[PDB]
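Enquirer: What follows is upload_18.pdb, made up of PDB, C-alpha atoms (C1' of nucleotides):
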```
MODEL        1
ATOM      1  CA  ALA A   1      49.254 -37.499-106.353  1.00  0.00           C
ATOM      2  CA  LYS A   2      48.017 -38.041-109.922  1.00  0.00           C
ATOM      3  CA  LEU A   3      44.320 -37.368-110.535  1.00  0.00           C
ATOM      4  CA  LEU A   4      41.612 -38.994-112.642  1.00  0.00           C
ATOM      5  CA  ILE A   5      41.604 -35.802-114.708  1.00  0.00           C
ATOM      6  CA  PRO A   6      44.991 -34.009-114.682  1.00  0.00           C
ATOM      7  CA  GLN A   7      43.353 -30.987-116.319  1.00  0.00           C
ATOM      8  CA  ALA A   8      41.698 -30.431-112.932  1.00  0.00           C
ATOM      9  CA  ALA A   9      45.093 -29.862-111.286  1.00  0.00           C
ATOM     10  CA  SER A  10      44.385 -26.129-111.347  1.00  0.00           C
ATOM     11  CA  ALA A  11      40.885 -26.515-109.911  1.00  0.00           C
ATOM     12  CA  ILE A  12      41.672 -28.662-106.866  1.00  0.00           C
ATOM     13  CA  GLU A  13      44.786 -26.542-106.348  1.00  0.00           C
ATOM     14  CA  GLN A  14      42.501 -23.603-105.634  1.00  0.00           C
ATOM     15  CA  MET A  15      40.126 -25.578-103.427  1.00  0.00           C
ATOM     16  CA  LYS A  16      43.134 -27.024-101.612  1.00  0.00           C
ATOM     17  CA  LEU A  17      44.584 -23.694-100.432  1.00  0.00           C
ATOM     18  CA  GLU A  18      41.016 -22.645 -99.679  1.00  0.00           C
ATOM     19  CA  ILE A  19      40.318 -25.477 -97.234  1.00  0.00           C
ATOM     20  CA  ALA A  20      43.830 -25.219 -95.772  1.00  0.00           C
ATOM     21  CA  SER A  21      43.297 -21.767 -94.292  1.00  0.00           C
ATOM     22  CA  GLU A  22      39.723 -22.684 -93.347  1.00  0.00           C
ATOM     23  CA  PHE A  23      40.929 -25.417 -90.983  1.00  0.00           C
ATOM     24  CA  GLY A  24      44.099 -23.437 -90.350  1.00  0.00           C
ATOM     25  CA  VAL A  25      46.577 -26.020 -91.592  1.00  0.00           C
ATOM     26  CA  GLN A  26      49.981 -25.675 -93.241  1.00  0.00           C
ATOM     27  CA  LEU A  27      50.375 -28.376 -95.884  1.00  0.00           C
ATOM     28  CA  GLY A  28      53.973 -29.371 -95.278  1.00  0.00           C
ATOM     29  CA  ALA A  29      56.052 -32.442 -94.476  1.00  0.00           C
ATOM     30  CA  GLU A  30      56.784 -30.682 -91.183  1.00  0.00           C
ATOM     31  CA  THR A  31      53.101 -30.996 -90.279  1.00  0.00           C
ATOM     32  CA  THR A  32      51.171 -33.905 -88.745  1.00  0.00           C
ATOM     33  CA  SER A  33      49.253 -36.499 -90.753  1.00  0.00           C
ATOM     34  CA  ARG A  34      45.917 -35.637 -89.153  1.00  0.00           C
ATOM     35  CA  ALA A  35      46.644 -32.127 -90.451  1.00  0.00           C
ATOM     36  CA  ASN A  36      47.753 -32.802 -94.019  1.00  0.00           C
ATOM     37  CA  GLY A  37      45.068 -35.457 -94.283  1.00  0.00           C
ATOM     38  CA  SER A  38      42.185 -33.343 -93.007  1.00  0.00           C
ATOM     39  CA  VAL A  39      42.639 -31.255 -96.149  1.00  0.00           C
ATOM     40  CA  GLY A  40      42.495 -34.117 -98.632  1.00  0.00           C
ATOM     41  CA  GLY A  41      39.491 -35.303 -96.657  1.00  0.00           C
ATOM     42  CA  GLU A  42      37.547 -32.107 -97.277  1.00  0.00           C
ATOM     43  CA  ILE A  43      38.602 -32.059-100.907  1.00  0.00           C
ATOM     44  CA  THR A  44      37.128 -35.492-101.543  1.00  0.00           C
ATOM     45  CA  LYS A  45      34.048 -34.683 -99.480  1.00  0.00           C
ATOM     46  CA  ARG A  46      33.394 -31.614-101.625  1.00  0.00           C
ATOM     47  CA  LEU A  47      34.081 -33.246-104.975  1.00  0.00           C
ATOM     48  CA  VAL A  48      31.586 -35.950-104.006  1.00  0.00           C
ATOM     49  CA  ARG A  49      28.991 -33.462-102.776  1.00  0.00           C
ATOM     50  CA  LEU A  50      29.236 -31.541-106.053  1.00  0.00           C
ATOM     51  CA  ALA A  51      28.962 -34.684-108.170  1.00  0.00           C
ATOM     52  CA  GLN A  52      25.912 -35.759-106.149  1.00  0.00           C
ATOM     53  CA  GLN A  53      24.460 -32.332-106.861  1.00  0.00           C
ATOM     54  CA  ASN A  54      24.798 -32.630-110.637  1.00  0.00           C
ATOM     55  CA  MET A  55      22.836 -35.906-110.579  1.00  0.00           C
ATOM     56  CA  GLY A  56      20.035 -35.237-108.121  1.00  0.00           C
TER      57      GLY A  56
ATOM     58  CA  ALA B   1      23.659 -44.398 -94.509  1.00  0.00           C
ATOM     59  CA  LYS B   2      22.793 -40.729 -95.061  1.00  0.00           C
ATOM     60  CA  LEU B   3      24.418 -39.305 -98.199  1.00  0.00           C
ATOM     61  CA  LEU B   4      25.901 -35.829 -98.542  1.00  0.00           C
ATOM     62  CA  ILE B   5      22.993 -34.998-100.867  1.00  0.00           C
ATOM     63  CA  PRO B   6      20.079 -37.328 -99.964  1.00  0.00           C
ATOM     64  CA  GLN B   7      18.180 -35.837-102.906  1.00  0.00           C
ATOM     65  CA  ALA B   8      20.556 -37.913-105.069  1.00  0.00           C
ATOM     66  CA  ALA B   9      19.747 -41.189-103.316  1.00  0.00           C
ATOM     67  CA  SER B  10      17.824 -42.521-106.294  1.00  0.00           C
ATOM     68  CA  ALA B  11      20.598 -41.553-108.718  1.00  0.00           C
ATOM     69  CA  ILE B  12      23.320 -43.133-106.620  1.00  0.00           C
ATOM     70  CA  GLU B  13      21.231 -46.235-106.102  1.00  0.00           C
ATOM     71  CA  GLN B  14      20.851 -46.758-109.862  1.00  0.00           C
ATOM     72  CA  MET B  15      24.598 -46.144-110.132  1.00  0.00           C
ATOM     73  CA  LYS B  16      25.214 -48.787-107.437  1.00  0.00           C
ATOM     74  CA  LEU B  17      23.051 -51.413-109.134  1.00  0.00           C
ATOM     75  CA  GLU B  18      24.538 -50.694-112.547  1.00  0.00           C
ATOM     76  CA  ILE B  19      28.091 -50.939-111.223  1.00  0.00           C
ATOM     77  CA  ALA B  20      27.232 -54.159-109.439  1.00  0.00           C
ATOM     78  CA  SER B  21      26.149 -55.662-112.772  1.00  0.00           C
ATOM     79  CA  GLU B  22      29.190 -54.358-114.651  1.00  0.00           C
ATOM     80  CA  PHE B  23      31.353 -55.831-111.880  1.00  0.00           C
ATOM     81  CA  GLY B  24      29.521 -59.136-111.749  1.00  0.00           C
ATOM     82  CA  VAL B  25      29.056 -58.835-108.001  1.00  0.00           C
ATOM     83  CA  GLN B  26      25.742 -59.626-106.349  1.00  0.00           C
ATOM     84  CA  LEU B  27      25.260 -57.206-103.448  1.00  0.00           C
ATOM     85  CA  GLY B  28      24.279 -59.005-100.255  1.00  0.00           C
ATOM     86  CA  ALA B  29      24.971 -60.308 -96.783  1.00  0.00           C
ATOM     87  CA  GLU B  30      26.447 -63.537 -98.158  1.00  0.00           C
ATOM     88  CA  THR B  31      28.835 -61.785-100.509  1.00  0.00           C
ATOM     89  CA  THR B  32      32.447 -61.219 -99.477  1.00  0.00           C
ATOM     90  CA  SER B  33      33.149 -57.839 -97.934  1.00  0.00           C
ATOM     91  CA  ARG B  34      35.681 -57.253-100.732  1.00  0.00           C
ATOM     92  CA  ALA B  35      33.180 -57.784-103.523  1.00  0.00           C
ATOM     93  CA  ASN B  36      30.509 -55.627-101.811  1.00  0.00           C
ATOM     94  CA  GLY B  37      33.164 -53.048-101.015  1.00  0.00           C
ATOM     95  CA  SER B  38      34.371 -52.750-104.604  1.00  0.00           C
ATOM     96  CA  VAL B  39      30.984 -51.417-105.768  1.00  0.00           C
ATOM     97  CA  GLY B  40      31.223 -48.663-103.168  1.00  0.00           C
ATOM     98  CA  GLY B  41      34.728 -47.830-104.304  1.00  0.00           C
ATOM     99  CA  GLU B  42      33.591 -47.343-107.901  1.00  0.00           C
ATOM    100  CA  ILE B  43      30.779 -45.031-106.882  1.00  0.00           C
ATOM    101  CA  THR B  44      33.251 -42.729-105.145  1.00  0.00           C
ATOM    102  CA  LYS B  45      35.735 -42.951-108.014  1.00  0.00           C
ATOM    103  CA  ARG B  46      33.184 -42.110-110.696  1.00  0.00           C
ATOM    104  CA  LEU B  47      31.641 -39.350-108.606  1.00  0.00           C
ATOM    105  CA  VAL B  48      35.058 -37.804-107.945  1.00  0.00           C
ATOM    106  CA  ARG B  49      35.985 -38.075-111.620  1.00  0.00           C
ATOM    107  CA  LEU B  50      32.726 -36.524-112.819  1.00  0.00           C
ATOM    108  CA  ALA B  51      33.263 -33.703-110.330  1.00  0.00           C
ATOM    109  CA  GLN B  52      36.782 -32.948-111.574  1.00  0.00           C
ATOM    110  CA  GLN B  53      35.565 -33.088-115.167  1.00  0.00           C
ATOM    111  CA  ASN B  54      32.543 -30.808-114.754  1.00  0.00           C
ATOM    112  CA  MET B  55      34.704 -28.268-112.944  1.00  0.00           C
ATOM    113  CA  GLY B  56      38.259 -28.342-114.268  1.00  0.00           C
TER     114      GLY B  56
ATOM    115  CA  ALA C   1      37.558 -47.132 -88.383  1.00  0.00           C
ATOM    116  CA  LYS C   2      38.454 -44.333 -85.952  1.00  0.00           C
ATOM    117  CA  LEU C   3      36.648 -45.469 -82.787  1.00  0.00           C
ATOM    118  CA  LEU C   4      34.810 -42.974 -80.591  1.00  0.00           C
ATOM    119  CA  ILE C   5      37.795 -43.304 -78.225  1.00  0.00           C
ATOM    120  CA  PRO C   6      41.035 -44.162 -80.107  1.00  0.00           C
ATOM    121  CA  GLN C   7      42.800 -44.979 -76.820  1.00  0.00           C
ATOM    122  CA  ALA C   8      40.473 -47.987 -76.589  1.00  0.00           C
ATOM    123  CA  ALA C   9      41.950 -49.362 -79.817  1.00  0.00           C
ATOM    124  CA  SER C  10      43.978 -52.001 -78.005  1.00  0.00           C
ATOM    125  CA  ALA C  11      41.090 -53.145 -75.788  1.00  0.00           C
ATOM    126  CA  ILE C  12      38.485 -53.361 -78.548  1.00  0.00           C
ATOM    127  CA  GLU C  13      41.145 -55.126 -80.616  1.00  0.00           C
ATOM    128  CA  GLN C  14      41.418 -57.927 -78.044  1.00  0.00           C
ATOM    129  CA  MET C  15      37.652 -58.190 -77.573  1.00  0.00           C
ATOM    130  CA  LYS C  16      37.300 -58.410 -81.362  1.00  0.00           C
ATOM    131  CA  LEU C  17      39.778 -61.262 -81.610  1.00  0.00           C
ATOM    132  CA  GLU C  18      38.246 -63.109 -78.670  1.00  0.00           C
ATOM    133  CA  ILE C  19      34.770 -62.740 -80.215  1.00  0.00           C
ATOM    134  CA  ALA C  20      36.007 -63.897 -83.605  1.00  0.00           C
ATOM    135  CA  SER C  21      37.381 -67.060 -81.940  1.00  0.00           C
ATOM    136  CA  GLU C  22      34.167 -67.810 -80.012  1.00  0.00           C
ATOM    137  CA  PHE C  23      32.205 -67.339 -83.221  1.00  0.00           C
ATOM    138  CA  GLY C  24      34.655 -69.365 -85.261  1.00  0.00           C
ATOM    139  CA  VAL C  25      34.843 -66.509 -87.756  1.00  0.00           C
ATOM    140  CA  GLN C  26      38.019 -65.544 -89.591  1.00  0.00           C
ATOM    141  CA  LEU C  27      38.019 -61.770 -90.152  1.00  0.00           C
ATOM    142  CA  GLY C  28      38.993 -60.745 -93.686  1.00  0.00           C
ATOM    143  CA  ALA C  29      38.270 -59.253 -97.108  1.00  0.00           C
ATOM    144  CA  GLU C  30      37.254 -62.657 -98.473  1.00  0.00           C
ATOM    145  CA  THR C  31      34.962 -63.348 -95.524  1.00  0.00           C
ATOM    146  CA  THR C  32      31.239 -62.706 -96.010  1.00  0.00           C
ATOM    147  CA  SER C  33      29.913 -59.316 -94.886  1.00  0.00           C
ATOM    148  CA  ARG C  34      27.530 -61.179 -92.592  1.00  0.00           C
ATOM    149  CA  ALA C  35      30.270 -63.173 -90.848  1.00  0.00           C
ATOM    150  CA  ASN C  36      32.480 -60.089 -90.542  1.00  0.00           C
ATOM    151  CA  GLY C  37      29.531 -58.002 -89.394  1.00  0.00           C
ATOM    152  CA  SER C  38      28.408 -60.547 -86.781  1.00  0.00           C
ATOM    153  CA  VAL C  39      31.533 -59.752 -84.812  1.00  0.00           C
ATOM    154  CA  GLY C  40      30.926 -56.006 -84.838  1.00  0.00           C
ATOM    155  CA  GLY C  41      27.424 -56.730 -83.551  1.00  0.00           C
ATOM    156  CA  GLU C  42      28.682 -58.570 -80.475  1.00  0.00           C
ATOM    157  CA  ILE C  43      31.230 -55.851 -79.799  1.00  0.00           C
ATOM    158  CA  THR C  44      28.566 -53.187 -79.685  1.00  0.00           C
ATOM    159  CA  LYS C  45      26.399 -55.464 -77.567  1.00  0.00           C
ATOM    160  CA  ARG C  46      29.049 -56.118 -74.948  1.00  0.00           C
ATOM    161  CA  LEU C  47      30.117 -52.473 -74.874  1.00  0.00           C
ATOM    162  CA  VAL C  48      26.549 -51.306 -74.295  1.00  0.00           C
ATOM    163  CA  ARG C  49      26.186 -53.918 -71.559  1.00  0.00           C
ATOM    164  CA  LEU C  50      29.318 -52.742 -69.787  1.00  0.00           C
ATOM    165  CA  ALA C  51      28.176 -49.143 -69.980  1.00  0.00           C
ATOM    166  CA  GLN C  52      24.742 -49.964 -68.516  1.00  0.00           C
ATOM    167  CA  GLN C  53      26.353 -51.849 -65.652  1.00  0.00           C
ATOM    168  CA  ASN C  54      28.980 -49.274 -64.680  1.00  0.00           C
ATOM    169  CA  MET C  55      26.169 -46.749 -64.738  1.00  0.00           C
ATOM    170  CA  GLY C  56      23.868 -48.385 -62.224  1.00  0.00           C
TER     171      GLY C  56
ATOM    172  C1'  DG D   1      50.487 -41.724 -92.228  1.00  0.00           C
ATOM    173  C1'  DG D   2      45.747 -39.171 -92.266  1.00  0.00           C
ATOM    174  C1'  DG D   3      40.756 -37.598 -93.675  1.00  0.00           C
ATOM    175  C1'  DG D   4      36.787 -38.223 -96.543  1.00  0.00           C
ATOM    176  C1'  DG D   5      33.154 -40.728 -99.755  1.00  0.00           C
ATOM    177  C1'  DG D   6      30.677 -45.164-100.940  1.00  0.00           C
ATOM    178  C1'  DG D   7      29.301 -51.071-100.348  1.00  0.00           C
ATOM    179  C1'  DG D   8      27.637 -55.218 -97.300  1.00  0.00           C
ATOM    180  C1'  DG D   9      26.697 -56.677 -92.412  1.00  0.00           C
ATOM    181  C1'  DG D  10      25.548 -57.434 -86.842  1.00  0.00           C
ATOM    182  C1'  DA D  11      23.979 -55.834 -82.347  1.00  0.00           C
TER     183       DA D  11
ATOM    184  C1'  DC E   1      27.959 -48.001 -82.633  1.00  0.00           C
ATOM    185  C1'  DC E   2      31.326 -52.006 -84.111  1.00  0.00           C
ATOM    186  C1'  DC E   3      33.199 -55.557 -88.244  1.00  0.00           C
ATOM    187  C1'  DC E   4      35.177 -56.298 -93.201  1.00  0.00           C
ATOM    188  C1'  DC E   5      35.912 -53.906 -97.661  1.00  0.00           C
ATOM    189  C1'  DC E   6      36.890 -50.381-102.108  1.00  0.00           C
ATOM    190  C1'  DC E   7      37.833 -45.612-103.857  1.00  0.00           C
ATOM    191  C1'  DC E   8      39.403 -40.404-103.861  1.00  0.00           C
ATOM    192  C1'  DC E   9      42.581 -36.697-102.072  1.00  0.00           C
ATOM    193  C1'  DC E  10      46.417 -34.301 -98.787  1.00  0.00           C
ATOM    194  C1'  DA E  11      51.296 -35.017 -97.063  1.00  0.00           C
TER     195       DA E  11
ENDMDL
END
```
Rewrite the structure from the file as structure tokens, please.
Expert:
Amino acid sequence: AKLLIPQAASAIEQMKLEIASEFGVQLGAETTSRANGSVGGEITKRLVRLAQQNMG
Amino acid sequence: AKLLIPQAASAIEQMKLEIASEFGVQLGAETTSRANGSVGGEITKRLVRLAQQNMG
Amino acid sequence: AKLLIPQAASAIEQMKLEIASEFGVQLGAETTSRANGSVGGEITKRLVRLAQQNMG
DNA sequence: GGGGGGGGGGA
DNA sequence: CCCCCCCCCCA
């Protein structure tokens, strides 16, 4: 799960737990894919949205 | 083809065209889906990276 | 790629293959976006036709 | 495995 | 809407 910028590990980590509770999902191997994936989906969606903001 | 932040359309377009040149691919109907697709993959990668950077 | 109705996956899959054959198009990354796209166009066309028929 | 963000098409 | 891609991230 390496990132482009490892120094951001802390950042995403916060946003991760944030989105988790929002959708009400428990990031664990005992959970479905559509559940663990929905999180990573929102994370990417937000990172993109922010980047598009600092360019508009 | 609505973007998350349509106000960035012009910025992402210039990014698209510049990446196409750097990649040597000529965007178009007659281009392979792989070549066209690669430009879109770079946009997301760079946007995600820039987000992580200017954040964490 | 998640279709409106995932359960239709198998059916659209067969229609796709049958359309590819009629068109003489080989679906793939190295195939032009136009050739690949042509197939998706027929699929939507036939689906809309079926819906208009079984609707009166 | 999944979700999301982009690229190029066709109907 | 469907087709073919590429990328990011979660697990």
Enquirer: Enumerate as a ChimeraX atom specification the residues belonging to chain B that approach chain E to within 10 Å, with all atoms listed in the file taken into account.
Expert: /B:32-49
Enquirer: Return chain B as an mmCIF file with C-alpha atoms, in the frame of the given file, after superposing it on chain C by a least-squares fit that covers all C-alpha atoms paired in order.
Expert:
```
data_model
loop_
_atom_site.group_PDB
_atom_site.id
_atom_site.type_symbol
_atom_site.label_atom_id
_atom_site.label_comp_id
_atom_site.auth_asym_id
_atom_site.auth_seq_id
_atom_site.Cartn_x
_atom_site.Cartn_y
_atom_site.Cartn_z
ATOM 1 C CA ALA B 1 37.858 -46.354 -88.617
ATOM 2 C CA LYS B 2 38.412 -43.847 -85.802
ATOM 3 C CA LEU B 3 36.827 -44.966 -82.523
ATOM 4 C CA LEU B 4 35.051 -42.712 -80.039
ATOM 5 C CA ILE B 5 37.987 -43.287 -77.672
ATOM 6 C CA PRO B 6 41.052 -44.164 -79.810
ATOM 7 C CA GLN B 7 42.955 -44.742 -76.566
ATOM 8 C CA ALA B 8 40.894 -47.955 -76.312
ATOM 9 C CA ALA B 9 41.909 -49.215 -79.753
ATOM 10 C CA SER B 10 44.096 -51.949 -78.310
ATOM 11 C CA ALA B 11 41.374 -53.069 -75.893
ATOM 12 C CA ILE B 12 38.704 -53.189 -78.569
ATOM 13 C CA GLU B 13 41.039 -54.984 -80.931
ATOM 14 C CA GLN B 14 41.658 -57.771 -78.400
ATOM 15 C CA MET B 15 37.890 -57.867 -77.872
ATOM 16 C CA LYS B 16 37.381 -58.188 -81.649
ATOM 17 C CA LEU B 17 39.860 -61.047 -82.015
ATOM 18 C CA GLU B 18 38.491 -62.862 -78.980
ATOM 19 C CA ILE B 19 34.912 -62.558 -80.219
ATOM 20 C CA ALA B 20 35.969 -63.752 -83.646
ATOM 21 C CA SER B 21 37.356 -66.930 -82.061
ATOM 22 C CA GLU B 22 34.309 -67.472 -79.847
ATOM 23 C CA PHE B 23 32.150 -67.019 -82.955
ATOM 24 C CA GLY B 24 34.268 -69.244 -85.159
ATOM 25 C CA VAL B 25 34.510 -66.546 -87.808
ATOM 26 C CA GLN B 26 37.793 -65.735 -89.511
ATOM 27 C CA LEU B 27 37.901 -61.981 -90.142
ATOM 28 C CA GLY B 28 38.877 -61.176 -93.719
ATOM 29 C CA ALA B 29 38.129 -59.989 -97.221
ATOM 30 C CA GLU B 30 37.028 -63.472 -98.296
ATOM 31 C CA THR B 31 34.614 -63.913 -95.420
ATOM 32 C CA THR B 32 30.917 -63.191 -95.912
ATOM 33 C CA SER B 33 29.829 -59.710 -94.911
ATOM 34 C CA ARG B 34 27.402 -61.336 -92.452
ATOM 35 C CA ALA B 35 30.081 -63.283 -90.620
ATOM 36 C CA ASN B 36 32.452 -60.271 -90.472
ATOM 37 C CA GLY B 37 29.534 -58.080 -89.461
ATOM 38 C CA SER B 38 28.491 -60.298 -86.559
ATOM 39 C CA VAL B 39 31.798 -59.693 -84.741
ATOM 40 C CA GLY B 40 31.173 -55.955 -84.941
ATOM 41 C CA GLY B 41 27.670 -56.421 -83.607
ATOM 42 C CA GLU B 42 28.942 -58.260 -80.530
ATOM 43 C CA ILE B 43 31.474 -55.563 -79.751
ATOM 44 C CA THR B 44 28.715 -52.955 -79.632
ATOM 45 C CA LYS B 45 26.413 -55.233 -77.641
ATOM 46 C CA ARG B 46 29.011 -56.067 -75.003
ATOM 47 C CA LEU B 47 30.185 -52.471 -74.774
ATOM 48 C CA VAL B 48 26.611 -51.227 -74.345
ATOM 49 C CA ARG B 49 25.903 -53.903 -71.741
ATOM 50 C CA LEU B 50 29.064 -53.168 -69.757
ATOM 51 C CA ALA B 51 28.143 -49.482 -69.835
ATOM 52 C CA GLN B 52 24.638 -50.078 -68.470
ATOM 53 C CA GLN B 53 26.047 -52.380 -65.801
ATOM 54 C CA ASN B 54 28.822 -50.078 -64.577
ATOM 55 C CA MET B 55 26.347 -47.210 -64.353
ATOM 56 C CA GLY B 56 22.886 -48.489 -63.464
#
```
Enquirer: What separation in Å, quoted to one decimal, exists between CA of residue 20 (chain A) and CA of residue 1 (chain A)?
Expert: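 Distance reported for this atom pair: 17.1 Å.
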Enquirer: Hey, could you make a per-residue contact list for chain A against chain B with 7 Å as the cut-off, showing the nearest pair of atoms and its distance in Å to one decimal, counting all atoms listed in the file, sorted by chain and number, as a tab-separated table?
Expert:
```
residue	atom	partner	partner_atom	distance
A:4	CA	B:49	CA	5.8
A:5	CA	B:52	CA	6.4
A:7	CA	B:56	CA	6.1
A:8	CA	B:56	CA	4.2
A:11	CA	B:56	CA	5.4
A:47	CA	B:51	CA	5.4
A:48	CA	B:48	CA	5.6
A:49	CA	B:4	CA	5.8
A:50	CA	B:51	CA	6.3
A:51	CA	B:51	CA	4.9
A:52	CA	B:8	CA	5.9
A:53	CA	B:5	CA	6.7
A:55	CA	B:8	CA	6.3
A:56	CA	B:8	CA	4.1
```
Enquirer: With all atoms listed in the file counted and 9 Å as the cut-off, give the residues of chain D in contact with chain B, each with its shortest interatomic distance in Å and the pair that gives it, as a tab-separated table.
Expert:
```
residue	atom	partner	partner_atom	distance
D:5	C1'	B:44	CA	5.8
D:6	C1'	B:40	CA	4.2
D:7	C1'	B:40	CA	4.2
D:8	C1'	B:36	CA	5.4
D:9	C1'	B:29	CA	5.9
```
Enquirer: Which distance in Å separates CA of residue 2 (chain B) and CA of residue 14 (chain A), to one decimal?
Expert: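 Result for CA of residue 2 (chain B) versus CA of residue 14 (chain A): 28.2 Å, one decimal.
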Enquirer: Rounded to one decimal place, report the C1' of residue 2 (chain D)-CA of residue 26 (chain A) distance in Å.
Expert: 14.2 Å
